[PDB]
């Protein structure tokens, strides 16, 4: 059919043949084609997830306004996301919680139950959310502002991210991507409220390889010089994301934790403790190795689960991912796209008309 104003028509119902739009195809900076065609169903899954992502974010940009609580923004975004991705257990759904980190906080912040935070006119909000089909995760994010005073900061980071995307490729050394991203990032200077800053990358934050049902596969893409010389390989999927800040350029754990994720390497652990055993079963059935938040547990009817959750974390079965913020008073911005290192080319599968 044809998608409605407020999204409601699943992406699979808009492409009856099962073939989904490709993202932007670029050349790296027959045989290799047969190989590409061999994993076509995989690429296709990534695309379906991206189309869901592109329509969801365009919807968000249409109504996100200061005055709304952070919980309303996330629940409205997630509702639409579940609809378009046509959530089906672990076969299709949300890959991780809706990040909406504010101001000096760069990532991993999503409201828990009872959070009364309200989006403000001067807020710099990072919307980071993902969708997946068969575990093929699409990690893509953008920054939201209402005050044009951040325009230059946003452009700086957007330009740095697209620079990282362009420098990415097969045999490209990872430290060369980080060196490039920083050089562009620091080529920007901004003025916010009578003070000037040279945008700086958040050195302890970075891009990452993506694996099936594993948001952070194992390889990291730095956004500053001095990284590993490890190379990007053929067929890998990468999340290219950069963060710009007017602070120290370093983030630290802060505020209450809302993000949690099962340790991908841990195996079966028999638990006799009633509540802890139940919570783990719920995580395995609903999220598997995909990240989740406390709101997604409340949603499923769970209550009195914090202690059980803490046990799982203490056991090393679940890992907490608290908000990562720069110093108080600073501003941070982010832009992220997922790219596929296909044999015949480089596809920025999450690319949209928006960014």
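Positions refer to the first chain, counted from 1.
- Unmodelled residues of the deposited sequence between neighbouring positions residue 29 and residue 30 number 10 or more.
- Note on 226-234 vs 94-102: mean CA B-factor is higher in 226-234.
- The deposited model assigns a higher average Cα B-factor to 30-38 than to the other stretch when 30-38 and 293-301 are compared.
- Placement of the Cα temperature factor of residue 121 within the chain: lowest third of the modelled residues, per the deposited record.
- Annotation for residue 155: C-alpha temperature factor in the middle third relative to the rest of the modelled chain, per the entry.
- Residue 44: CA B factor lies in the highest third for its chain, per the PDB record.
- For residue 249, the recorded CA B-factor ranks within the highest third of the chain. Only modelled residues enter the ranking.
- Split the chain's modelled residues into thirds by C-alpha temperature factor. Residue 339 is in the middle one.
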